[PDB]
file target_23.txt (compact mmCIF, C-alpha atoms)
# COMPACT_ATOMS: atom_id res chain seq x y z
CA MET A 1 -120.37 -23.70 137.67
CA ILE A 2 -123.05 -21.06 137.14
CA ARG A 3 -126.38 -22.47 135.95
CA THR A 4 -129.09 -20.01 136.98
CA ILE A 5 -129.19 -16.48 138.39
CA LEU A 6 -131.86 -14.50 140.24
CA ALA A 7 -132.18 -10.74 140.76
CA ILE A 8 -134.60 -8.57 142.72
CA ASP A 9 -134.66 -4.78 142.43
CA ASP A 10 -137.17 -1.97 142.95
CA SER A 11 -136.35 0.08 139.86
CA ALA A 12 -137.52 -1.48 136.60
CA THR A 13 -134.39 -0.06 134.97
CA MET A 14 -132.12 -2.05 137.28
CA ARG A 15 -134.17 -5.24 137.03
CA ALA A 16 -133.75 -5.02 133.26
CA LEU A 17 -130.15 -3.78 133.28
CA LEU A 18 -128.78 -6.58 135.46
CA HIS A 19 -131.05 -9.01 133.61
CA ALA A 20 -129.57 -7.95 130.26
CA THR A 21 -125.96 -7.79 131.45
CA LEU A 22 -126.12 -11.42 132.59
CA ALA A 23 -128.37 -12.46 129.70
CA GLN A 24 -125.95 -11.25 127.03
CA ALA A 25 -123.21 -13.14 128.85
CA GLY A 26 -125.22 -16.31 128.31
CA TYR A 27 -126.09 -17.02 131.94
CA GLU A 28 -129.74 -17.72 132.74
CA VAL A 29 -130.67 -14.72 134.88
CA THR A 30 -134.24 -14.08 136.00
CA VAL A 31 -136.01 -11.28 137.87
CA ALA A 32 -138.76 -11.59 140.47
CA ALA A 33 -141.63 -9.38 141.63
CA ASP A 34 -140.33 -8.93 145.18
CA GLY A 35 -137.39 -9.95 147.34
CA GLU A 36 -139.72 -12.34 149.15
CA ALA A 37 -140.92 -14.09 145.99
CA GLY A 38 -137.33 -14.38 144.79
CA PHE A 39 -135.87 -15.73 148.02
CA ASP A 40 -138.80 -18.05 148.72
CA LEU A 41 -138.18 -19.60 145.30
CA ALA A 42 -134.39 -19.38 145.53
CA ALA A 43 -134.68 -22.13 148.14
CA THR A 44 -136.92 -24.31 145.97
CA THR A 45 -134.84 -23.80 142.83
CA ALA A 46 -131.43 -23.13 144.37
CA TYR A 47 -129.88 -20.65 141.95
CA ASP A 48 -126.15 -19.99 141.54
CA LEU A 49 -126.32 -16.24 142.18
CA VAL A 50 -128.98 -14.36 144.14
CA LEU A 51 -129.43 -10.59 144.42
CA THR A 52 -131.86 -9.07 146.92
CA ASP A 53 -132.75 -5.43 147.57
CA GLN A 54 -134.41 -3.62 150.48
CA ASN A 55 -134.05 -0.95 153.17
CA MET A 56 -134.35 -2.62 156.58
CA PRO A 57 -137.73 -4.38 156.15
CA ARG A 58 -139.90 -5.88 158.89
CA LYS A 59 -141.98 -8.66 157.33
CA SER A 60 -140.60 -12.12 156.55
CA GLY A 61 -138.70 -13.36 153.52
CA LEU A 62 -135.06 -12.36 153.94
CA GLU A 63 -135.06 -14.48 157.09
CA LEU A 64 -135.07 -17.48 154.76
CA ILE A 65 -131.39 -16.72 154.17
CA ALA A 66 -130.76 -18.17 157.63
CA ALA A 67 -132.21 -21.57 156.71
CA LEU A 68 -130.17 -21.51 153.50
CA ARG A 69 -126.98 -20.51 155.31
CA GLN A 70 -127.20 -23.24 157.95
CA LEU A 71 -127.64 -25.76 155.13
CA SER A 72 -124.64 -27.05 153.19
CA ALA A 73 -126.29 -26.27 149.85
CA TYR A 74 -126.47 -22.47 149.82
CA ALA A 75 -123.82 -21.69 152.42
CA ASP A 76 -121.28 -22.01 149.61
CA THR A 77 -123.45 -20.24 147.03
CA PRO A 78 -122.52 -16.55 146.60
CA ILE A 79 -125.06 -14.04 147.89
CA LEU A 80 -125.08 -10.29 147.23
CA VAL A 81 -127.49 -7.99 149.08
CA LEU A 82 -128.17 -4.43 147.92
CA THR A 83 -128.23 -1.48 150.31
CA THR A 84 -129.24 2.19 150.35
CA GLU A 85 -128.11 3.61 153.69
CA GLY A 86 -124.59 2.25 153.29
CA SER A 87 -124.01 2.03 157.03
CA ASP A 88 -121.51 -0.12 158.93
CA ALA A 89 -124.12 -1.55 161.30
CA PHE A 90 -126.04 -2.95 158.33
CA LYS A 91 -122.97 -4.94 157.30
CA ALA A 92 -123.49 -7.02 160.44
CA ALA A 93 -127.08 -7.79 159.44
CA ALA A 94 -126.30 -9.12 155.97
CA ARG A 95 -123.52 -11.24 157.45
CA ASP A 96 -125.75 -12.38 160.31
CA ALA A 97 -128.35 -13.75 157.90
CA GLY A 98 -125.65 -15.74 156.14
CA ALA A 99 -124.89 -13.73 153.01
CA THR A 100 -121.47 -13.62 151.34
CA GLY A 101 -121.21 -9.89 150.70
CA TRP A 102 -123.21 -6.74 150.02
CA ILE A 103 -123.16 -3.76 147.65
CA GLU A 104 -124.81 -0.41 146.97
CA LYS A 105 -127.31 0.07 144.15
CA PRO A 106 -127.60 0.73 141.43
CA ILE A 107 -125.10 -1.84 140.16
CA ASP A 108 -122.84 -1.50 137.12
CA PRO A 109 -122.47 -4.18 134.41
CA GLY A 110 -118.69 -4.25 134.73
CA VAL A 111 -118.85 -4.88 138.47
CA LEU A 112 -121.76 -7.33 138.47
CA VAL A 113 -120.36 -9.46 135.65
CA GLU A 114 -116.94 -9.30 137.32
CA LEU A 115 -118.36 -10.38 140.68
CA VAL A 116 -119.96 -13.43 139.07
CA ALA A 117 -117.11 -14.08 136.64
CA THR A 118 -114.67 -14.93 139.44
CA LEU A 119 -117.25 -17.45 140.65
CA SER A 120 -117.96 -18.82 137.18
CA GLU A 121 -114.26 -19.46 136.56
CA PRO A 122 -112.41 -22.35 138.27
CA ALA A 123 -109.76 -22.07 140.98
CA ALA A 124 -106.00 -22.59 140.87
CA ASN A 125 -103.98 -20.68 143.46
call {"tool": "encode", "arguments": {"input": "target_23.txt", "output": "structure tokens"}}
result
Amino acid sequence: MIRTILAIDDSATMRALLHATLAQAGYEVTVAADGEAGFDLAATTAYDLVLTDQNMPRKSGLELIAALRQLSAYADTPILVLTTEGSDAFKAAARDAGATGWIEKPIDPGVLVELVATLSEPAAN
């Protein structure tokens, strides 16, 4: 089940919003200073839900997702990457790295909590 959550946004409002939405729910959500600091640690801590944000960077960091995807520890863990351009070509990138799905920011509390809820709850088709 869900144990810890990590979020990384550029707007202080979002970082707090998502942090509160999950906090009130009880989950242990935490925000980082930058997508790099969050991801770099996400591999050392191994959270249940990770949320990154960027606009087609160049430096390192996100690449870490590859190492996590190949592994059988994060490959299953749900990953949501934020976008701004909202292009189709970008969809290939997020998937290439090894991320579950992507979304456009900002993010609403009803959608975020719902996206994690399904994961928090068990399965029984």
call {"tool": "atom_distance", "arguments": {"input": "target_23.txt", "atom1": "atom CA of residue A:118", "atom2": "atom CA of residue A:86"}}
result
24.2 Å
call {"tool": "atom_distance", "arguments": {"input": "target_23.txt", "atom1": "atom CA of residue A:56", "atom2": "atom CA of residue A:43"}}
result
21.3 Å
call {"tool": "residues_around", "arguments": {"input": "target_23.txt", "residues": "residue A:22", "least_positions_apart": "2", "cutoff": "12 Å", "atoms": "only C-alpha atoms", "output": "JSON, numbers by chain"}}
result
{"A": [2, 3, 4, 5, 6, 7, 15, 16, 17, 18, 19, 20, 24, 25, 26, 27, 28, 29, 30, 31, 49, 108, 109, 110, 111, 112, 113, 114, 115, 116, 117, 120]}
call {"tool": "closest_residue", "arguments": {"input": "target_23.txt", "among": "A:66, A:78, A:39, A:52", "to": "residue A:107", "atoms": "all atoms listed in the file"}}
result
A:52
call {"tool": "residues_around", "arguments": {"input": "target_23.txt", "residues": "residue A:82", "least_positions_apart": "2", "cutoff": "9 Å", "atoms": "all atoms listed in the file", "output": "number ranges by chain"}}
result
A: 9, 51-55, 80, 84, 102-107
call {"tool": "atom_distance", "arguments": {"input": "target_23.txt", "atom1": "atom CA of residue A:89", "atom2": "atom CA of residue A:70"}}
result
22.2 Å
call {"tool": "closest_residue", "arguments": {"input": "target_23.txt", "among": "A:33, A:73, A:62, A:12", "to": "residue A:47", "atoms": "only C-alpha atoms"}}
result
A:73
call {"tool": "closest_residue", "arguments": {"input": "target_23.txt", "among": "A:34, A:121, A:48, A:40", "to": "residue A:77", "atoms": "only C-alpha atoms"}}
result
A:48
call {"tool": "decode", "arguments": {"input": "target_23.txt", "residues": "stretch 53-85 of chain A", "atoms": "N, CA and C atoms", "output": "compact mmCIF listing (two decimals), in the first residue's frame"}}
result
# COMPACT_ATOMS: atom_id res chain seq x y z
N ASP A 53 8.22 17.58 -12.43
CA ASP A 53 7.76 18.67 -13.28
C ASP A 53 8.92 19.32 -14.02
N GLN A 54 8.72 19.62 -15.30
CA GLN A 54 9.76 20.24 -16.11
C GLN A 54 9.23 20.59 -17.50
N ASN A 55 10.11 21.12 -18.34
CA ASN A 55 9.73 21.50 -19.70
C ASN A 55 10.83 21.16 -20.69
N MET A 56 11.13 19.87 -20.82
CA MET A 56 12.17 19.41 -21.74
C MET A 56 13.53 19.95 -21.32
N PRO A 57 14.04 19.46 -20.18
CA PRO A 57 15.34 19.88 -19.64
C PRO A 57 16.50 19.36 -20.48
N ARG A 58 17.71 19.53 -19.97
CA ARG A 58 18.91 19.08 -20.68
C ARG A 58 19.87 18.37 -19.73
N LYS A 59 20.01 18.91 -18.52
CA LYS A 59 20.90 18.33 -17.52
C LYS A 59 20.45 16.92 -17.16
N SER A 60 21.05 16.36 -16.11
CA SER A 60 20.72 15.02 -15.66
C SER A 60 19.57 15.04 -14.66
N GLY A 61 19.31 13.90 -14.03
CA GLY A 61 18.24 13.81 -13.06
C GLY A 61 17.12 12.89 -13.51
N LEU A 62 16.25 13.39 -14.37
CA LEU A 62 15.13 12.60 -14.88
C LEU A 62 15.61 11.26 -15.43
N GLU A 63 16.81 11.27 -16.01
CA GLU A 63 17.38 10.05 -16.58
C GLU A 63 17.34 8.91 -15.57
N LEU A 64 17.45 9.25 -14.30
CA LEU A 64 17.43 8.25 -13.23
C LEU A 64 16.22 7.32 -13.38
N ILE A 65 15.13 7.87 -13.90
CA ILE A 65 13.91 7.09 -14.10
C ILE A 65 14.21 5.79 -14.84
N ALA A 66 15.16 5.84 -15.76
CA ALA A 66 15.54 4.67 -16.54
C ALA A 66 16.05 3.55 -15.63
N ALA A 67 16.98 3.89 -14.75
CA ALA A 67 17.55 2.92 -13.82
C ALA A 67 16.47 2.34 -12.90
N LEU A 68 15.49 3.17 -12.56
CA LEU A 68 14.40 2.74 -11.69
C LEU A 68 13.41 1.86 -12.45
N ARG A 69 13.21 2.17 -13.72
CA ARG A 69 12.29 1.40 -14.56
C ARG A 69 12.82 -0.01 -14.80
N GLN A 70 14.08 -0.10 -15.21
CA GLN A 70 14.71 -1.39 -15.48
C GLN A 70 14.63 -2.29 -14.26
N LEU A 71 14.76 -1.70 -13.08
CA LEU A 71 14.70 -2.45 -11.83
C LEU A 71 13.28 -2.92 -11.54
N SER A 72 13.17 -4.01 -10.78
CA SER A 72 11.87 -4.56 -10.43
C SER A 72 11.40 -4.04 -9.06
N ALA A 73 11.74 -2.79 -8.77
CA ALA A 73 11.36 -2.18 -7.50
C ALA A 73 10.52 -0.92 -7.73
N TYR A 74 10.80 -0.22 -8.82
CA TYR A 74 10.08 1.00 -9.16
C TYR A 74 9.21 0.80 -10.40
N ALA A 75 9.60 -0.16 -11.23
CA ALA A 75 8.85 -0.45 -12.45
C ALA A 75 7.36 -0.57 -12.17
N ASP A 76 7.02 -1.13 -11.01
CA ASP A 76 5.63 -1.30 -10.63
C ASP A 76 5.07 -0.02 -10.01
N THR A 77 5.93 0.70 -9.29
CA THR A 77 5.52 1.95 -8.65
C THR A 77 4.99 2.94 -9.67
N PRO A 78 3.84 3.57 -9.35
CA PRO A 78 3.21 4.55 -10.23
C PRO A 78 4.00 5.85 -10.32
N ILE A 79 4.17 6.35 -11.53
CA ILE A 79 4.91 7.59 -11.76
C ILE A 79 4.12 8.55 -12.63
N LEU A 80 3.97 9.78 -12.16
CA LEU A 80 3.23 10.80 -12.90
C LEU A 80 4.12 12.02 -13.17
N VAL A 81 4.34 12.30 -14.45
CA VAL A 81 5.17 13.44 -14.85
C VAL A 81 4.31 14.59 -15.36
N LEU A 82 4.60 15.79 -14.89
CA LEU A 82 3.85 16.98 -15.29
C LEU A 82 4.40 17.54 -16.60
N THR A 83 3.53 18.18 -17.37
CA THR A 83 3.92 18.77 -18.65
C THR A 83 3.37 20.18 -18.80
N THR A 84 3.83 20.89 -19.82
CA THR A 84 3.39 22.25 -20.08
C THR A 84 2.99 22.44 -21.54
N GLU A 85 3.76 21.83 -22.44
CA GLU A 85 3.49 21.93 -23.87
C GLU A 85 2.27 21.10 -24.25
